[PDB]
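Here is the file input_31.txt (compact mmCIF, C-alpha atoms and all ligand atoms).
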```txt
# COMPACT_ATOMS: atom_id res chain seq x y z
CA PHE A 47 -3.14 5.32 20.71
CA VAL A 48 -1.49 2.33 22.49
CA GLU A 49 -4.52 0.07 21.85
CA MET A 50 -3.97 0.31 18.09
CA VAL A 51 -0.19 -0.26 18.01
CA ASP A 52 0.65 -3.74 16.64
CA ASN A 53 -2.89 -4.26 15.24
CA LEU A 54 -1.67 -5.34 11.79
CA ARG A 55 -0.32 -8.62 10.43
CA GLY A 56 0.84 -9.86 7.01
CA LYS A 57 3.61 -8.98 4.54
CA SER A 58 4.15 -6.97 1.33
CA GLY A 59 3.47 -9.90 -1.02
CA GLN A 60 0.13 -11.00 0.48
CA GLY A 61 -0.87 -7.63 1.96
CA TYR A 62 -1.40 -6.27 5.46
CA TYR A 63 -4.60 -6.94 7.35
CA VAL A 64 -6.56 -5.78 10.39
CA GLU A 65 -9.13 -7.71 12.44
CA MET A 66 -12.71 -6.48 12.06
CA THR A 67 -16.17 -7.62 13.17
CA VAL A 68 -19.33 -7.50 11.07
CA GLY A 69 -22.95 -8.25 11.99
CA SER A 70 -24.90 -9.23 15.09
CA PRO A 71 -23.63 -11.34 16.81
CA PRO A 72 -20.14 -10.16 15.71
CA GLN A 73 -18.56 -12.23 12.91
CA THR A 74 -14.76 -11.94 13.03
CA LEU A 75 -12.91 -11.42 9.75
CA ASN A 76 -9.37 -10.44 8.77
CA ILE A 77 -9.51 -7.48 6.40
CA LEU A 78 -6.87 -6.28 3.95
CA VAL A 79 -5.87 -2.64 4.54
CA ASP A 80 -6.00 -0.92 1.13
CA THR A 81 -5.43 2.78 0.35
CA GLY A 82 -5.82 2.03 -3.38
CA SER A 83 -9.55 1.23 -3.38
CA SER A 84 -12.78 2.49 -1.76
CA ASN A 85 -15.04 -0.52 -1.16
CA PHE A 86 -15.50 -2.47 2.03
CA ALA A 87 -16.00 -5.96 0.62
CA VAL A 88 -15.90 -9.38 2.29
CA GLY A 89 -16.07 -13.03 1.21
CA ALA A 90 -19.70 -14.10 1.58
CA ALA A 91 -19.56 -17.61 0.11
CA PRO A 92 -17.15 -20.59 0.42
CA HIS A 93 -13.85 -20.24 -1.46
CA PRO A 94 -10.69 -22.46 -1.64
CA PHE A 95 -8.51 -19.66 -0.16
CA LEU A 96 -10.95 -18.59 2.60
CA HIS A 97 -11.02 -20.20 6.06
CA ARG A 98 -14.18 -18.25 6.98
CA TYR A 99 -16.68 -15.82 5.44
CA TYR A 100 -19.54 -13.36 5.98
CA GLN A 101 -22.85 -15.07 6.63
CA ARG A 102 -25.65 -12.52 6.15
CA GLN A 103 -28.44 -14.90 7.21
CA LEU A 104 -26.83 -15.16 10.67
CA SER A 105 -26.69 -11.39 11.22
CA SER A 106 -29.83 -9.82 12.65
CA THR A 107 -28.62 -6.31 11.78
CA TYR A 108 -27.95 -7.12 8.11
CA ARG A 109 -29.75 -4.94 5.56
CA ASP A 110 -30.14 -5.94 1.90
CA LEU A 111 -29.60 -3.09 -0.58
CA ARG A 112 -31.01 -5.23 -3.43
CA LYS A 113 -28.22 -4.24 -5.84
CA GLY A 114 -25.28 -6.05 -7.43
CA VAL A 115 -21.71 -4.81 -7.82
CA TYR A 116 -18.91 -5.78 -10.21
CA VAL A 117 -15.32 -4.75 -9.47
CA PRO A 118 -12.74 -5.63 -12.15
CA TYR A 119 -9.01 -4.89 -11.99
CA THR A 120 -6.22 -5.73 -14.46
CA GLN A 121 -4.89 -8.58 -12.31
CA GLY A 122 -8.19 -9.92 -10.92
CA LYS A 123 -11.87 -9.23 -10.27
CA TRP A 124 -14.82 -9.81 -7.94
CA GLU A 125 -18.58 -9.36 -7.97
CA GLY A 126 -21.11 -9.33 -5.16
CA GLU A 127 -24.23 -8.10 -3.43
CA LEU A 128 -24.59 -4.74 -1.72
CA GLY A 129 -25.87 -4.23 1.81
CA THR A 130 -25.27 -2.54 5.14
CA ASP A 131 -24.42 -3.97 8.56
CA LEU A 132 -22.86 -3.05 11.91
CA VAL A 133 -19.06 -2.98 11.76
CA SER A 134 -16.41 -2.51 14.43
CA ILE A 135 -12.62 -2.72 14.75
CA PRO A 136 -11.63 -4.69 17.92
CA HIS A 137 -8.09 -3.27 18.11
CA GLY A 138 -9.12 0.16 16.84
CA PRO A 139 -11.39 2.94 18.10
CA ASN A 140 -13.99 1.67 20.57
CA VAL A 141 -17.04 2.28 18.34
CA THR A 142 -19.61 0.51 16.16
CA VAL A 143 -20.69 1.95 12.81
CA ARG A 144 -23.38 1.19 10.25
CA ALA A 145 -21.45 0.82 6.98
CA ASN A 146 -21.84 -0.42 3.41
CA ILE A 147 -20.63 -3.97 2.90
CA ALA A 148 -20.13 -5.71 -0.43
CA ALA A 149 -20.81 -9.40 0.07
CA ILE A 150 -18.46 -11.12 -2.38
CA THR A 151 -20.30 -13.98 -4.09
CA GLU A 152 -17.96 -14.61 -7.02
CA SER A 153 -14.27 -13.79 -7.54
CA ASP A 154 -11.42 -14.53 -9.94
CA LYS A 155 -7.81 -14.17 -8.72
CA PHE A 156 -8.84 -11.55 -6.13
CA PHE A 157 -8.13 -13.64 -3.02
CA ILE A 158 -4.60 -14.78 -2.14
CA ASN A 159 -3.72 -18.30 -0.92
CA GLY A 160 -2.38 -18.28 2.66
CA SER A 161 -2.81 -14.50 3.08
CA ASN A 162 -5.19 -15.05 6.04
CA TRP A 163 -7.54 -12.20 5.09
CA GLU A 164 -11.13 -12.65 3.91
CA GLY A 165 -12.08 -9.10 2.85
CA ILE A 166 -10.82 -5.70 1.72
CA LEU A 167 -10.99 -2.29 3.44
CA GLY A 168 -10.83 0.33 0.70
CA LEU A 169 -9.64 3.47 2.45
CA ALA A 170 -9.67 5.82 -0.55
CA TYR A 171 -12.40 8.33 -1.50
CA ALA A 172 -15.98 7.79 -2.77
CA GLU A 173 -15.27 8.83 -6.37
CA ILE A 174 -13.64 5.44 -7.07
CA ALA A 175 -16.09 3.33 -5.03
CA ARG A 176 -18.13 0.91 -7.12
CA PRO A 177 -20.81 1.00 -8.54
CA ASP A 178 -20.71 4.80 -8.13
CA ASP A 179 -19.66 7.58 -5.73
CA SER A 180 -23.01 7.31 -3.94
CA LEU A 181 -21.86 4.21 -2.02
CA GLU A 182 -20.20 5.74 1.04
CA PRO A 183 -16.76 4.22 1.87
CA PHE A 184 -16.11 2.84 5.36
CA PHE A 185 -13.91 5.70 6.59
CA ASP A 186 -16.42 8.38 5.55
CA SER A 187 -19.11 6.50 7.50
CA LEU A 188 -16.71 6.15 10.47
CA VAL A 189 -16.04 9.91 10.63
CA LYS A 190 -19.72 10.92 10.21
CA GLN A 191 -21.07 8.53 12.87
CA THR A 192 -18.40 9.04 15.56
CA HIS A 193 -15.88 11.60 16.84
CA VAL A 194 -12.85 9.85 15.32
CA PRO A 195 -10.80 12.63 13.69
CA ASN A 196 -10.66 12.50 9.88
CA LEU A 197 -7.15 11.01 9.77
CA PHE A 198 -5.39 7.64 9.76
CA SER A 199 -1.77 6.52 9.61
CA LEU A 200 0.06 3.38 8.49
CA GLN A 201 3.26 1.69 9.59
CA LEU A 202 3.81 -1.41 7.47
CA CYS A 203 6.67 -3.54 8.80
CA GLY A 204 8.50 -5.84 6.43
CA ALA A 205 10.55 -8.51 8.17
CA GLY A 206 13.56 -8.10 5.86
CA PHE A 207 13.62 -11.87 5.43
CA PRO A 208 11.09 -14.60 4.53
CA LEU A 209 8.44 -15.58 7.09
CA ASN A 210 6.77 -18.99 6.96
CA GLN A 211 3.03 -19.61 7.44
CA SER A 212 3.33 -19.99 11.24
CA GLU A 213 5.67 -16.98 11.58
CA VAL A 214 3.43 -14.54 9.67
CA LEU A 215 0.50 -15.67 11.86
CA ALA A 216 2.54 -15.18 15.05
CA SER A 217 4.39 -12.02 13.96
CA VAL A 218 3.25 -8.42 14.30
CA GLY A 219 2.98 -6.81 10.84
CA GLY A 220 2.67 -3.16 11.91
CA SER A 221 0.16 -0.51 12.98
CA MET A 222 -2.93 1.24 11.67
CA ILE A 223 -3.67 4.22 13.89
CA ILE A 224 -7.26 5.38 13.39
CA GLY A 225 -7.84 9.05 14.19
CA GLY A 226 -4.24 9.97 15.00
CA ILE A 227 -0.44 9.84 14.81
CA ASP A 228 1.67 7.63 17.11
CA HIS A 229 5.08 9.29 17.53
CA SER A 230 6.89 6.06 18.51
CA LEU A 231 6.29 4.67 14.99
CA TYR A 232 8.73 7.04 13.28
CA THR A 233 12.03 8.91 13.61
CA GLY A 234 12.94 12.38 12.32
CA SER A 235 10.36 14.80 10.94
CA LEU A 236 7.09 14.31 9.12
CA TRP A 237 7.03 15.92 5.68
CA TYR A 238 3.69 16.61 3.98
CA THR A 239 2.84 16.32 0.31
CA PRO A 240 -0.60 17.62 -0.72
CA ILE A 241 -3.36 15.33 -1.99
CA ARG A 242 -3.86 16.61 -5.56
CA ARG A 243 -7.39 15.24 -5.92
CA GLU A 244 -9.46 13.20 -3.49
CA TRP A 245 -10.11 9.99 -5.42
CA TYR A 246 -7.07 7.81 -4.99
CA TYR A 247 -4.49 9.21 -2.60
CA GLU A 248 -2.92 11.15 -5.47
CA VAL A 249 0.44 12.88 -5.07
CA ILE A 250 2.87 14.66 -7.41
CA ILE A 251 6.44 13.46 -7.97
CA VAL A 252 8.64 16.36 -9.16
CA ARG A 253 12.08 14.69 -9.42
CA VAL A 254 13.63 11.21 -9.34
CA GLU A 255 17.20 10.21 -8.44
CA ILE A 256 19.19 6.98 -8.67
CA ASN A 257 22.29 7.19 -6.44
CA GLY A 258 21.77 10.99 -6.42
CA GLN A 259 21.95 11.02 -10.21
CA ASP A 260 19.02 12.85 -11.81
CA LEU A 261 16.84 10.80 -14.14
CA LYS A 262 16.44 14.11 -16.08
CA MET A 263 12.97 13.22 -17.37
CA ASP A 264 10.18 15.73 -17.81
CA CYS A 265 8.45 15.38 -14.42
CA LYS A 266 5.05 14.86 -16.10
CA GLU A 267 6.37 11.38 -17.01
CA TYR A 268 6.77 10.45 -13.33
CA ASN A 269 3.02 11.08 -12.79
CA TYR A 270 1.60 9.61 -16.01
CA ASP A 271 -1.25 9.12 -15.73
CA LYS A 272 -1.28 9.49 -11.91
CA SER A 273 0.86 8.88 -8.82
CA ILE A 274 -0.78 7.08 -5.91
CA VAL A 275 -0.12 5.64 -2.45
CA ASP A 276 -1.52 2.11 -2.60
CA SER A 277 -1.14 -0.37 0.29
CA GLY A 278 -3.09 -3.12 -1.53
CA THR A 279 -0.44 -3.41 -4.24
CA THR A 280 2.86 -5.17 -3.51
CA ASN A 281 5.35 -3.45 -5.82
CA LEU A 282 6.54 -0.03 -6.82
CA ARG A 283 4.83 0.37 -10.19
CA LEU A 284 6.39 2.83 -12.63
CA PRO A 285 5.13 4.14 -16.01
CA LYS A 286 6.77 2.51 -19.06
CA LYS A 287 9.28 5.34 -19.75
CA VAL A 288 10.21 5.78 -16.06
CA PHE A 289 10.44 2.01 -15.49
CA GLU A 290 12.87 1.56 -18.41
CA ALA A 291 15.09 4.47 -17.33
CA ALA A 292 15.09 3.17 -13.74
CA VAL A 293 15.91 -0.43 -14.69
CA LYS A 294 18.68 0.79 -17.04
CA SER A 295 20.26 2.75 -14.16
CA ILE A 296 19.81 0.06 -11.48
CA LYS A 297 21.36 -2.45 -13.93
CA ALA A 298 24.29 -0.08 -14.50
CA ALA A 299 24.98 0.69 -10.82
CA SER A 300 24.83 -3.04 -9.95
CA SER A 301 26.83 -4.15 -13.04
CA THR A 302 29.67 -5.82 -11.07
CA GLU A 303 27.13 -8.61 -10.60
CA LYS A 304 24.99 -10.12 -13.38
CA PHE A 305 21.38 -11.28 -13.19
CA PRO A 306 19.10 -13.44 -15.36
CA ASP A 307 16.98 -10.97 -17.39
CA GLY A 308 13.75 -12.46 -15.96
CA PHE A 309 14.81 -11.05 -12.60
CA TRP A 310 14.16 -7.52 -13.86
CA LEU A 311 10.66 -8.74 -14.85
CA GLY A 312 10.01 -9.62 -11.20
CA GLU A 313 9.49 -13.21 -12.30
CA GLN A 314 12.53 -15.07 -10.93
CA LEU A 315 14.51 -14.87 -7.68
CA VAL A 316 18.18 -14.05 -7.18
CA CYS A 317 19.94 -15.81 -4.32
CA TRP A 318 23.15 -15.24 -2.39
CA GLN A 319 24.99 -17.30 0.21
CA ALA A 320 23.54 -16.79 3.70
CA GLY A 321 24.15 -13.24 4.93
CA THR A 322 26.16 -12.19 1.87
CA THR A 323 23.58 -10.08 -0.01
CA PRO A 324 25.63 -7.25 -1.57
CA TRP A 325 23.19 -4.48 -0.58
CA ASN A 326 25.87 -1.84 -1.17
CA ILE A 327 26.09 -2.51 -4.94
CA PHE A 328 22.41 -1.57 -5.37
CA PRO A 329 21.56 2.15 -5.65
CA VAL A 330 19.22 4.14 -3.45
CA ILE A 331 16.12 5.64 -5.09
CA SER A 332 14.95 9.13 -4.23
CA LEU A 333 11.49 10.43 -5.06
CA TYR A 334 10.93 14.17 -4.68
CA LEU A 335 7.33 15.02 -3.77
CA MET A 336 5.57 18.40 -4.00
CA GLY A 337 5.62 20.27 -0.69
CA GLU A 338 3.07 22.39 1.14
CA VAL A 339 5.05 25.64 0.94
CA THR A 340 5.00 27.14 -2.58
CA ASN A 341 8.12 26.37 -4.64
CA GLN A 342 9.24 23.91 -1.94
CA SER A 343 9.66 20.13 -2.25
CA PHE A 344 11.07 17.25 -0.18
CA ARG A 345 12.48 13.77 -0.88
CA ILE A 346 11.90 10.23 0.35
CA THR A 347 14.83 7.87 -0.12
CA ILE A 348 14.39 4.12 -0.51
CA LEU A 349 17.06 1.41 -0.10
CA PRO A 350 17.36 -1.89 -2.01
CA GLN A 351 16.05 -3.49 1.22
CA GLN A 352 12.76 -1.91 0.13
CA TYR A 353 12.74 -2.73 -3.62
CA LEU A 354 14.12 -6.26 -3.24
CA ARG A 355 11.39 -8.37 -1.65
CA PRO A 356 12.56 -11.34 0.47
CA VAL A 357 11.23 -14.73 -0.67
CA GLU A 358 12.12 -18.19 0.68
CA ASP A 359 14.07 -20.27 -1.87
CA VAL A 360 12.32 -23.10 -3.78
CA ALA A 361 15.29 -25.04 -2.45
CA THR A 362 14.24 -23.84 1.06
CA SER A 363 18.05 -23.71 1.34
CA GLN A 364 20.34 -21.61 3.51
CA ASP A 365 20.38 -18.86 0.85
CA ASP A 366 18.90 -15.37 1.11
CA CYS A 367 16.73 -14.83 -1.96
CA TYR A 368 14.80 -11.84 -3.35
CA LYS A 369 12.42 -10.81 -6.10
CA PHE A 370 12.79 -7.48 -7.89
CA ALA A 371 9.84 -5.50 -6.51
CA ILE A 372 9.57 -2.82 -9.20
CA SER A 373 7.03 -3.33 -11.99
CA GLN A 374 6.26 -1.69 -15.32
CA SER A 375 2.94 0.13 -15.01
CA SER A 376 0.28 1.21 -17.50
CA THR A 377 -1.81 3.02 -14.86
CA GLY A 378 0.72 5.48 -13.39
CA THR A 379 3.14 5.50 -10.47
CA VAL A 380 1.95 3.15 -7.74
CA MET A 381 3.74 3.39 -4.40
CA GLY A 382 3.01 -0.14 -3.19
CA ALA A 383 3.59 -1.95 0.10
CA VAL A 384 7.35 -2.36 -0.46
CA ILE A 385 7.73 1.45 -0.58
CA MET A 386 5.37 2.03 2.38
CA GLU A 387 7.43 -0.46 4.42
CA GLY A 388 10.19 2.18 4.59
CA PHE A 389 7.92 4.90 5.95
CA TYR A 390 5.31 5.95 8.47
CA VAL A 391 2.61 7.32 6.22
CA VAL A 392 0.05 9.79 7.52
CA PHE A 393 -3.21 10.03 5.60
CA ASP A 394 -4.32 13.45 6.84
CA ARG A 395 -7.70 13.54 5.07
CA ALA A 396 -8.86 16.55 7.11
CA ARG A 397 -5.97 18.68 5.81
CA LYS A 398 -5.88 17.08 2.33
CA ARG A 399 -2.24 15.99 2.68
CA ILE A 400 -0.05 12.90 3.10
CA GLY A 401 2.82 12.79 5.61
CA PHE A 402 6.06 10.82 5.28
CA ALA A 403 8.56 9.89 8.00
CA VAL A 404 11.30 7.26 8.32
CA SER A 405 9.63 4.16 9.78
CA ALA A 406 10.83 2.86 13.17
CA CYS A 407 10.55 -0.65 11.68
CA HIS A 408 12.11 -0.02 8.24
CA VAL A 409 14.73 -2.54 7.11
CA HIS A 410 18.29 -1.24 6.61
CA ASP A 411 22.00 -2.07 6.93
CA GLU A 412 24.70 -0.40 9.05
CA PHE A 413 25.92 1.89 6.26
CA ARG A 414 22.66 3.33 4.89
CA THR A 415 19.21 4.27 6.15
CA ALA A 416 15.95 5.33 4.48
CA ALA A 417 15.44 9.09 4.63
CA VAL A 418 12.80 11.81 4.45
CA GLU A 419 14.58 15.12 3.89
CA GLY A 420 13.94 18.71 2.84
CA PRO A 421 13.43 21.39 1.86
CA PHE A 422 14.44 21.84 -1.79
CA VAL A 423 13.65 24.88 -3.91
CA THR A 424 11.71 23.53 -6.91
CA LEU A 425 9.74 25.45 -9.56
CA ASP A 426 6.66 24.87 -11.76
CA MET A 427 5.78 21.81 -9.65
CA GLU A 428 2.09 22.16 -10.59
CA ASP A 429 2.78 21.23 -14.23
CA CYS A 430 4.28 17.87 -13.18
CA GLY A 431 0.68 16.71 -12.73
CA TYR A 432 -0.97 14.97 -15.67
CA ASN A 433 -4.24 16.28 -17.12
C1 LIG B 501 0.06 -7.45 -10.13
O1 LIG B 501 -0.52 -6.55 -11.09
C2 LIG B 501 -1.09 -5.26 -10.89
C3 LIG B 501 -1.56 -4.25 -11.95
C4 LIG B 501 -2.16 -2.89 -11.58
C5 LIG B 501 -2.29 -2.46 -10.12
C6 LIG B 501 -2.91 -1.13 -9.76
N1 LIG B 501 -2.37 -0.01 -10.57
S1 LIG B 501 -3.05 1.42 -10.16
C7 LIG B 501 -4.17 0.87 -8.88
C8 LIG B 501 -5.10 1.80 -8.11
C9 LIG B 501 -3.93 -0.61 -8.81
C10 LIG B 501 -4.75 -1.32 -7.78
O2 LIG B 501 -5.49 -2.41 -8.34
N2 LIG B 501 -4.73 -0.99 -6.35
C11 LIG B 501 -5.54 -1.72 -5.38
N3 LIG B 501 -5.63 -1.46 -3.92
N4 LIG B 501 -6.36 -2.80 -5.95
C12 LIG B 501 -7.23 -3.77 -5.29
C13 LIG B 501 -6.78 -5.19 -5.09
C14 LIG B 501 -5.97 -5.94 -4.03
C15 LIG B 501 -5.58 -7.41 -4.09
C16 LIG B 501 -4.80 -7.97 -2.90
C17 LIG B 501 -5.97 -8.25 -5.31
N5 LIG B 501 -5.58 -9.67 -5.40
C18 LIG B 501 -4.31 -10.11 -6.02
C19 LIG B 501 -3.74 -11.52 -6.21
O3 LIG B 501 -3.48 -9.07 -6.54
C20 LIG B 501 -6.73 -7.48 -6.38
CL1 LIG B 501 -7.33 -8.16 -7.91
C21 LIG B 501 -7.12 -6.02 -6.31
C22 LIG B 501 -1.83 -3.50 -9.10
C23 LIG B 501 -1.23 -4.86 -9.42
```
Let me see whether you can do it: turn the structure in this file into structure tokens.
Ligand SMILES: COc1ccc(-c2nsc(C)c2C(=O)NC(=N)NCc2cc(C)c(NC(C)=O)c(Cl)c2)cc1
Amino acid sequence: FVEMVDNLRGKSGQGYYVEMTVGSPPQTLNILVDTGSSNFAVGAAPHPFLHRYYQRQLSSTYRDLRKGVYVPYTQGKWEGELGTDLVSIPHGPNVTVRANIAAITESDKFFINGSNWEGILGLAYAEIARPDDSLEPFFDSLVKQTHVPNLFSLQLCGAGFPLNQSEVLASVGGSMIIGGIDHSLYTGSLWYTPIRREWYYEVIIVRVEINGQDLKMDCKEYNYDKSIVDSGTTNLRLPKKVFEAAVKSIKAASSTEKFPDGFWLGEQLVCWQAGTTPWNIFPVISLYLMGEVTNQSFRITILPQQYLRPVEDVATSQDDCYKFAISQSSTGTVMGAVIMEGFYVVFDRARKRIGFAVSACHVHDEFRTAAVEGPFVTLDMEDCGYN
């Protein structure tokens, strides 16, 4: 899968994107890779944050579905016009598919300034596609029309430090392998957690540790009202109760240093003298996920290098600065880009499971590394899921 290695660019804050072509002749667009949604949607009209957009009138293969679509979120929203066109992925499988495309005509806080992507590739299942589950998502179309195996995998590579506009454009962001697993992208073993339901990529968290210390919450809280793998969201998002317990413990473990309280809101940055970030004072976070063998679980361990997102100082000084990349959630546990940066994540749709391995490009120090370890004997795991 050498052709697909290095096909991603971007960063956790603005999202990771792949190059795609739509229409005839091919119109090149950069497309956000998103496991948290199910629509293939592209800018179709001028916008302050877009350098280019989809022009339907210039595509001979465009087909008008004569139907509108409105896609709200909590943080932003877009609306547009449904249609189909020919779509291909230059640095992907060597194929061309007829797929549904939402031509974005109006949007509010959906696009991101300087992100360098002009559309979204919703990789999740039809049930959450808008307007309804009848609008086939891109990947379902891809599998039906070709011989690409029903599987894709993601290696998102955080830099570990801020990248300027030129650097993010020149730098490789990672790899999306379509139809397979590239073994050079990870170390150690792949551990599989089952997909509970095919809508989002829903998983079940059975136990949570901070510096090996059990959070001792009823596991149903960890998955209230769901737990999802979501590459289109920046942060780890945790349900109110879990978030508060986690922040209380992270605060405690890192007490020897004190932070403005707006830091824990993810609003303000904390800075240290160049190279002196006290990584060691921050605790590791372990999430135990349901396993494939009955009564068996495994854990993924995340370092502060994952939950502290590098941002360049307003001072643009010599200092190394970070934002707290864990957010309070009202829509469940959301494993965002900052968590995925630590891992090679296999979306094995054909076997209804998600794999986790230590990423070959994960950021660490000399004393600690991210881990994916197992097995652990765990009981009643099924009732950790919310109904
Ligand atoms: C910060 O507050 C938040 C509150 C809730 C969640 C959330 N909780 S659960 C779940 C499934 C999601 C989710 O929306 N996942 C997803 N892939 N969404 C699509 C997508 C991608 C982009 C890049 C934008 N644009 C900007 C500026 O963020 C927009 Cl609008 C939507 C995420 C962030």
| Residues within 9 Å of region 356-359 of chain A, all atoms listed in the file, excluding chain neighbours under 5 positions, as a PyMOL selection string | chain A and resi 205-210+315+317+351+364-369
5 Å per side around region 227-233 of chain A: axis-aligned box centre and edge lengths, as JSON:
```
{"center_x": 5.8, "center_y": 7.3, "center_z": 15.9, "size_x": 22.5, "size_y": 15.2, "size_z": 15.2}
```
| Got a sec: who's within 10 Å of residue 102 (chain A), counting all atoms listed in the file, leaving out chain neighbours fewer than 2 positions off, as a ChimeraX atom specification? | /A:68-70,73,90-91,99-100,104-110,129,131,149
| query | Of the candidates A:111, A:284, A:202, A:148, which shows the shortest atom-to-atom distance to ligand LIG 501 (chain B), using only C-alpha atoms and all ligand atoms? | reply |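 Ranked by minimum distance to ligand LIG 501 (chain B), first place goes to A:284.
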| Using only C-alpha atoms and all ligand atoms, which protein or nucleic acid residues are at most 8 Å from ligand LIG 501 (chain B), as a PyMOL selection string? | chain A and resi 60-61+78+80-83+118-124+154-158+166+168+246+274+276-281+283+375-380
| said: Which residue is closest to residue 161 (chain A)? Choose from A:128, A:203, A:115, A:96 and count only C-alpha atoms. | reply: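 So, comparing all the options, the nearest one is A:96.
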| message | Would you pick out the contacts of region 330-337 of chain A at 9 Å or less, using only C-alpha atoms, so that residues sharing its chain but fewer than 5 positions from it are not included, and give the list as an NGL selection string? | response | :A and (237-240 or 249-258 or 342-350 or 416-417 or 421-422 or 424 or 427-428)
| task | Could you jot down the CA of residue 304 (chain A) to CA of residue 327 (chain A) separation for me, Å, one decimal place? | result |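 These two atoms are separated by 11.4 Å.
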| said: Please report the interatomic distance between CA of residue 188 (chain A) and CA of residue 55 (chain A) in Å with one decimal. | reply: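 Separating CA of residue 188 (chain A) from CA of residue 55 (chain A) is a distance of 22.1 Å.
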| field | Atom pair CA of residue 373 (chain A) / CA of residue 273 (chain A): separation (Å) | value |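 One can read the CA of residue 373 (chain A) to CA of residue 273 (chain A) distance as 14.0 Å.
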| task | Would you list the contacts of residue 192 (chain A) as a PyMOL selection string, taking every protein, DNA or RNA residue within 9 Å and counting all atoms listed in the file, but skipping same-chain residues closer than 5 positions in sequence? | result | chain A and resi 141-143+187
| field | Nearest to residue 138 (chain A), chosen from A:198, A:163, A:389, A:171, with all atoms listed in the file counted in the distances | value |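 Going through A:198, A:163, A:389, A:171 one by one, the smallest distance to residue 138 (chain A) is for A:198.
Nearest-residue note for residue 193 (chain A): choosing from A:71, A:420, A:225, A:302, the minimum distance belongs to A:225, counting all atoms listed in the file.
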Rebuild N, CA, C and O atoms on region 197-208 of chain A, as a compact mmCIF listing (two decimals), in the frame of the given file?
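What follows is the written file result_8.txt:
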```
# COMPACT_ATOMS: atom_id res chain seq x y z
N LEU A 197 -8.57 11.28 9.99
CA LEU A 197 -7.15 11.01 9.77
C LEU A 197 -6.83 9.57 10.14
O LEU A 197 -7.38 9.04 11.11
N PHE A 198 -5.96 8.92 9.36
CA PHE A 198 -5.39 7.64 9.76
C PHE A 198 -3.96 7.53 9.28
O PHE A 198 -3.57 8.22 8.32
N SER A 199 -3.18 6.67 9.92
CA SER A 199 -1.77 6.52 9.61
C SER A 199 -1.34 5.06 9.59
O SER A 199 -1.86 4.24 10.36
N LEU A 200 -0.38 4.75 8.72
CA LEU A 200 0.06 3.38 8.49
C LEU A 200 1.56 3.16 8.66
O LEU A 200 2.38 3.87 8.06
N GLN A 201 1.90 2.18 9.49
CA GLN A 201 3.26 1.69 9.59
C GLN A 201 3.25 0.23 9.17
O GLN A 201 2.83 -0.63 9.94
N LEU A 202 3.69 -0.03 7.94
CA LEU A 202 3.81 -1.41 7.47
C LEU A 202 5.24 -1.91 7.71
O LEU A 202 6.20 -1.28 7.27
N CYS A 203 5.36 -3.02 8.43
CA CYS A 203 6.67 -3.54 8.80
C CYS A 203 7.02 -4.81 8.05
O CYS A 203 6.49 -5.88 8.33
N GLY A 204 7.92 -4.68 7.07
CA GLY A 204 8.50 -5.84 6.43
C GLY A 204 9.49 -6.46 7.39
O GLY A 204 10.09 -5.76 8.22
N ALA A 205 9.63 -7.78 7.31
CA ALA A 205 10.55 -8.51 8.17
C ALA A 205 12.00 -8.28 7.73
O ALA A 205 12.90 -8.18 8.57
N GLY A 206 12.22 -8.19 6.42
CA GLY A 206 13.56 -8.10 5.86
C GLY A 206 14.07 -9.46 5.43
O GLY A 206 15.12 -9.58 4.81
N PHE A 207 13.29 -10.49 5.76
CA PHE A 207 13.62 -11.87 5.43
C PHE A 207 12.30 -12.63 5.30
O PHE A 207 11.26 -12.13 5.73
N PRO A 208 12.33 -13.84 4.69
CA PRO A 208 11.09 -14.60 4.53
C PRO A 208 10.49 -15.05 5.87
O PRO A 208 11.23 -15.35 6.80
```
